Amino acid sequence: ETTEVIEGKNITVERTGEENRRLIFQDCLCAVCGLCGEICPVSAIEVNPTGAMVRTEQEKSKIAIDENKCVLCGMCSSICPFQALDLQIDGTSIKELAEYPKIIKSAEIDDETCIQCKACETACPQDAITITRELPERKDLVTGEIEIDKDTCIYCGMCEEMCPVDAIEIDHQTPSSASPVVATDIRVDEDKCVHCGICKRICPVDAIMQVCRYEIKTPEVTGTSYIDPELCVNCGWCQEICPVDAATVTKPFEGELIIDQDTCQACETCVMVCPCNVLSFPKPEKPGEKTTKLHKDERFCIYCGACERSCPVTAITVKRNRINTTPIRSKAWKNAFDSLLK
Amino acid sequence: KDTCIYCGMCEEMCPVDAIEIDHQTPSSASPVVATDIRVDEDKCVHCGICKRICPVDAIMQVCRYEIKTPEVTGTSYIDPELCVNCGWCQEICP
Amino acid sequence: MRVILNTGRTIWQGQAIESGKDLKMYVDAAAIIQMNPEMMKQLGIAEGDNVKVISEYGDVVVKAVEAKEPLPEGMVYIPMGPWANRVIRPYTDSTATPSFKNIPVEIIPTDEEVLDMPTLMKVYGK
Amino acid sequence: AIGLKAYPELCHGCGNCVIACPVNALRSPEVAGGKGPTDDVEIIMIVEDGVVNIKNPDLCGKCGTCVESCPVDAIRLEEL
Amino acid sequence: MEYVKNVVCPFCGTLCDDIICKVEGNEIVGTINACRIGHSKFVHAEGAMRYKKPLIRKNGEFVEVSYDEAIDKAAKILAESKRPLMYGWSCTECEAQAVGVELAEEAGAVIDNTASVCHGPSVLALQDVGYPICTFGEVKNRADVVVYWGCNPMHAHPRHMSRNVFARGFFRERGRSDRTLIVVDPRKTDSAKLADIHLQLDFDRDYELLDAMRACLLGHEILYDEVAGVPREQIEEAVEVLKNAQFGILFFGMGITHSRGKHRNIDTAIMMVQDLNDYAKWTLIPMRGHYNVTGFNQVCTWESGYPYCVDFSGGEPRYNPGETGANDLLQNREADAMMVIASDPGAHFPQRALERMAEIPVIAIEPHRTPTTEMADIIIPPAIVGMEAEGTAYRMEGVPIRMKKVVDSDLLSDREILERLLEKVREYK
Ligand SMILES: Nc1nc2c(c(=O)[nH]1)N[C@H]1C(S)=C(S)[C@@H](COP(=O)(O)OP(=O)(O)OC[C@H]3O[C@@H](n4cnc5c(=O)[nH]c(N)nc54)[C@H](O)[C@@H]3O)O[C@H]1N2
Ligand SMILES: Nc1nc2c(c(=O)[nH]1)N[C@H]1C(S)=C(S)[C@@H](COP(=O)(O)OP(=O)(O)OC[C@H]3O[C@@H](n4cnc5c(=O)[nH]c(N)nc54)[C@H](O)[C@@H]3O)O[C@H]1N2
Ligand code: SF4
Ligand code: SF4
Ligand code: SF4
Ligand code: SF4
Ligand code: SF4
Ligand code: SF4
Ligand code: SF4
Ligand code: SF4
Ligand code: SF4
Ligand code: SF4
Ligand code: SF4
Ligand code: SF4
Ligand code: SF4
Ligand code: SF4
Ligand SMILES: [K+]
Ligand SMILES: [S]
Ligand SMILES: [W+6]
């Protein structure tokens, strides 16, 4: 017997027996593209409207699975390009089973080439990239010597006020007949000093010497780069944004985007829905200049179809001419994957 | 601003916050992580840290006719009602 | 409690004046005082409780109501009408325009009743 | 069964939703331009008798634009 | 059920001219396109008093009379007054307003409309510094920054945003998505909820805030690190948004006409808009309240030379808001008779003014029961403009649209009542 448990937004469908099968749906990863419901051979999945699940708050999940129809074949988990559906067999996910088809996609950063500029981290539309970097200590980006002649110094306090980095400290005091001085010491924190020479130039008694200048380690920037495979959607923004061509991406699907600008009424739904940041509303550069109403850059498109699905006036259509997978050994699966071409 | 790749390291390392970058989230219509970079030369103290941290050598920075010499001005007042004539001022004066 | 009184339009007061100032609809929409939930707690009142509003220029009784349009701390809102115009500042500073908005007032709970439209106008001794 | 649902007792009849709707806009140049339709046109909803009134819900694509343009939660997409 | 399309709504200064009226048996029973307020005026609400016939009070109870007798009593009052006030005007059409001016001259009256409790401060401001405006269609087709300063259109001009912001225009074909929406209000209004930037400033500090914005605009550093509860950095960011507009519009309302500084809040708003035009095309529009408050100021100005608070006591027109305004004559106890037409000062003047209306004869041209009719000594019910009578009205930015007569009425129109009244006042002298 097939059963179902709905924990929060998530859905689990289980069949026990000699072979255990569990289909797990994480609502937080679903982009509501609808592909699972199209490929389902028993029409067990019904997907909710893509716009409403993204722009409004809903109590229900993005999809609904009919336990009575689900046979736990896992075509849905095999096609999903957002890693939102997983079929586990005897505790093991089908992504680990070569007999099961797997879409072909990747995203890598060459750490040797990467200079830790953080552009990809900023541009990633799924916040799947983490870039850490260690800058040198400030004191290593300046070289110079500085000394204050504490005898010549009259403790006027002008250097202390004018230091742009508060590197000079004076030990002020109220005089007494036993200590007839307005200060007892002056110091330069050479960890803070950036050797701008302002102090020397303001000093009224020329008490400050300041000048800018063997194997010292050269100061250099270090860092790391991580791509979360569960969040990574393979749009290739990282590959394009990178200034040193350090990021490489490959996509599962090939296809075409077609927009009817005159049908589009610029409600922005598809723009908000697109998990790859393909679609946008350009701003005119000059008063009286007109722009393309709905702009696209297919360099970032993965041809999932969420935008086309979300558009209430059908202004966008998504052609899909190829789905790259590992070997599809079942001819019945092969035809079901081919049913998604258009 | 063409060579600049907007890594933002100068902006972080400037000891006086003289560099500002106009960061943004990219869009397909504006595929860049920033739109401008500026140096407030009123704040800049010409320490050259930015130039030395830049990974693409986008920053030129160098330390260098009648310009008025900068000098300190001020005033001095002694309140005769409060002044007690102890002479601390006479002795403390450098 | 000393609060700042702001006054002006609401869609419900607009519907009420074009139906009829004589209807109960108008009292329910303009003889009210909108307050933030937290101010009602500190004063010990709930929705529906009546409030005495005293200013330097007069006094009035209005029904307390939670503000669906949140107010800044220390501010209350009474919709425009004869109840609000019991307490706001009349002087025009030689412009002809009275100070209808942002007037220091005292607010306290009261078991007293809200006057309806014909009765409230009786205070002016016509 | 998510679909459009009005709350006319919360509605100002302000018209934001009617204008923002891309379906309404596509079908009526007047609506597209912020006007109430004067020409007889079949759209999803109008303001009638001072409140939003769903007329042809079969045309709704449940995109949520109208919902996000209303500040008083007088029109929503939910289970029916 | 005849359908009447292209009706002009007689409520607010948005002056929607796309209303559709449902007419069932010489009665308006429903509307299309009208907002909840507009619908309310078009349709009678059950139980509400609609005065069928003239009234005169004798012992605190009114008595029905004819138009001629009630107009005769009214003309008697005005003709023997030495400082009569003729107030209201904003909810009637322009021909009635024009008879009112000729009557005000004949009677030696002060004629004033609702501007003196509304955008009169804006009128005083624009007389000192100017008036840079545009019409709605320009906002619709060009504007990419829209600012609602001290107004709450969702509650007071309900279709204003849909008609000007969500609307798609020629150079703004994406509607709402092509415009930066700014609301300035101490409250989190339902208008501010729709905004991209909400400046939730301290009340009564707009003038201070605009001083910082203007000074920042002209290249000056802002003295204080927070103004009107708005941080310095946020003020400079706001000014940059205005400077980068291709076409900006500043809508504004009672939040700055009624609050501290009054006309000087508008003054400084206007001058910022003017000076913005060295960086970006900028205009403003005052959110005129009643559907034809703008019309009275137009008529009065072109006939007498002055817009409101006009005193004809000396024959020559004279003008001094602060002296010759409605609330000034009442609060200083100058007026000895008040004629109210198409307005409700009983509900909407302060108590100090109401104290004077109780001491003087009050005449009310009013179709409904209001606090004013409670303070009244004569009541004269008219035909309602835009439902039962036609005539010109002026939208908030000066566009003249002719109100339409949708149904018939046995009642006299405002214009008729005033014309007979004028004739009788001439007589009584
Ligand atoms: N429902 C309804 N609609 C109407 C009318 C009505 O009676 N009812 N009458 C019509 C008329 S006559 C007019 S004039 C218009 C007026 O329409 P609005 O100009 O919107 O008038 P108000 O709602 O009184 O005030 C608007 C806002 O000013 C804000 N405010 C108060 N103090 C300050 C301040 O110090 N600074 C700032 N920035 N804002 C402040 C308030 O929070 C309020 O939300 O409405 C018209 N429409
Ligand atoms: N506390 C406070 N007080 C305020 C305000 C505020 O914000 N706060 N705002 C002030 C402002 S801005 C204004 S303008 C006033 C509101 O100004 P009012 O003019 O007092 O507003 P209404 O109550 O709409 O008055 C219009 C009256 O005219 C009647 N009428 C409608 N159509 C016609 C017609 O064709 N002919 C005639 N003869 N009569 C007609 C209506 O039934 C109604 O009673 O309130 C002011 N008072
Ligand atoms: S397929 Fe598209 S829709 Fe079906 S799950 Fe993966 S994401 Fe959600
Ligand atoms: S498992 Fe095979 S069946 Fe159950 S849903 Fe996913 S697809 Fe339709
Ligand atoms: S962009 Fe290229 S370089 Fe900059 S961080 Fe991402 S990867 Fe490293
Ligand atoms: S050099 Fe520049 S920084 Fe170093 S102390 Fe003198 S002043 Fe401060
Ligand atoms: S400036 Fe020259 S003198 Fe004055 S304190 Fe610094 S050092 Fe001593
Ligand atoms: S590919 Fe698209 S998603 Fe995957 S990282 Fe590079 S960017 Fe983020
Ligand atoms: S395409 Fe359809 S969805 Fe994307 S904007 Fe135009 S209308 Fe809204
Ligand atoms: S645009 Fe390309 S990626 Fe973005 S939604 Fe449509 S298809 Fe999926
Ligand atoms: S020089 Fe020193 S100060 Fe001037 S900008 Fe570069 S870093 Fe900041
Ligand atoms: S460091 Fe060199 S590159 Fe990075 S931002 Fe400053 S300038 Fe642009
Ligand atoms: S110091 Fe002694 S002397 Fe010099 S001022 Fe102060 S009191 Fe007069
Ligand atoms: S629904 Fe929300 S938006 Fe559509 S009309 Fe009623 S209020 Fe205006
Ligand atoms: S949901 Fe999208 S479509 Fe359905 S109405 Fe609201 S807007 Fe028009
Ligand atoms: S906006 Fe003012 S005018 Fe247009 S309908 Fe609503 S009320 Fe009538
Ligand atoms: K009515
Ligand atoms: S007004
Ligand atoms: W007004």
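Just so it is clear, none of the values below were taken in a lab; they were calculated from the coordinates. For neighbour counting, all protein chains shown are included, and Cβ atoms are generated from backbone atoms with ideal geometry for every residue, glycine included.
Please sort by residue number the trypsin sites (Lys or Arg not before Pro) in the stretch E:1-64 whose DSSP state is loop and whose Cβ has at most 14 other Cβ atoms within 10 Å.
E:52, E:58
Per residue, what volume in Å³ does the convex hull of the Cα atoms of chain C enclose?
Once divided by residue count, the hull of chain C is 116 Å³.
Which of B:65, E:224 has the fewest other C-beta atoms within 10 Å, and how do the rest follow up to the most?
Listed from fewest to most nearby Cβ atoms, that is B:65, E:224.
How far is the Cα center of the stretch E:50-125 from the Cα center of the stretch E:133-161, in Å?
For the stretch E:50-125 versus the stretch E:133-161, the Cα centre distance is 33 Å.
Over what distance in Å are the Cα centres of the stretch E:295-353 and the stretch A:165-179 separated?
Measuring centre to centre over Cα atoms gives 71 Å.
Return the calculated 222 nm mean residue ellipticity for the protein assembly as shown, to the nearest 500 deg cm²/dmol, obtained by summing -39500 (n - 2.57) across DSSP H runs with n ≥ 4 and dividing by the residue count.
Result for the protein assembly as shown: -6000 deg cm²/dmol, rounded to the nearest 500.
Which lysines does residue A:9 reach when only Cα atoms under 21 Å apart count, and residues fewer than 8 places away in its own chain are ignored?
Excluding near neighbours in sequence, the set is A:60, A:62, A:69, D:62.
Identify the trypsin sites (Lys or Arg not before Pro) of the stretch A:271-331 meeting these criteria: DSSP loop state and at most 11 other C-beta atoms within 10 Å of the C-beta.
A:290, A:329
In which sequence would E:168, A:138 go, from the one with the fewest C-beta neighbours within 10 Å to the one with the most?
A:138, E:168
Counting partner chain Cβ atoms within 10 Å of every residue's Cβ in E:340-350, what's the average?
Per residue, the average neighbour count from other chains is 5.
Hey, which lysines would be in cross-link range of residue D:55, C-alpha to C-alpha under 23 Å, not counting anything within fewer than 8 residues on its own chain?
D:5, D:35, E:5, E:22
Assuming a ≥ b ≥ c are the square roots of the Cα gyration tensor eigenvalues, decide whether the stretch E:125-247 counts as rounded (a/c under 1.5), prolate (otherwise, with a/b larger than b/c) or oblate.
Prolate, since a/c reaches 1.5 and a/b exceeds b/c.
Show me B:46-54, E:215-223, E:372-380, E:84-92 ranked by packing, highest mean number of other Cβ atoms within 10 Å first.
Result, highest mean Cβ count within 10 Å first: E:84-92, E:372-380, B:46-54, E:215-223.
Provide B:88, C:12 in ascending order of the number of other Cβ atoms located within 10 Å of each residue's Cβ, fewest first.
B:88, C:12
Please list A:77-83, E:146-152 highest first by mean number of surrounding beta-carbon atoms within 10 Å per residue.
Per-residue mean Cβ counts within 10 Å order the peptides as E:146-152, A:77-83.
Round to a whole angstrom and tell me the spacing of the C-alpha centers of the stretch A:122-162 and the stretch B:22-94.
14 Å
Taking the protein assembly as shown on its own, what percent of its Cα-Cα pair distances exceed 56 Å?
Counting every Cα pair in the protein assembly as shown, those more than 56 Å apart make up 34 percent.
I want the local charge near residue E:80. Using Cβ-Cβ distances under 11 Å, sum +1 for each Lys or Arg and -1 for each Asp or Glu among the other residues.
+2
Determine one quarter of the surface area of the Cα convex hull of chain D, which equals its mean projected area, and express it in nm² to one decimal.
4.7 nm²
Among the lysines in the stretch A:282-336, how many pairs, 8 or more places apart or on different chains, have alpha carbons under 24 Å apart?
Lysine pairs satisfying the spacing and distance rule in the stretch A:282-336 number 7.
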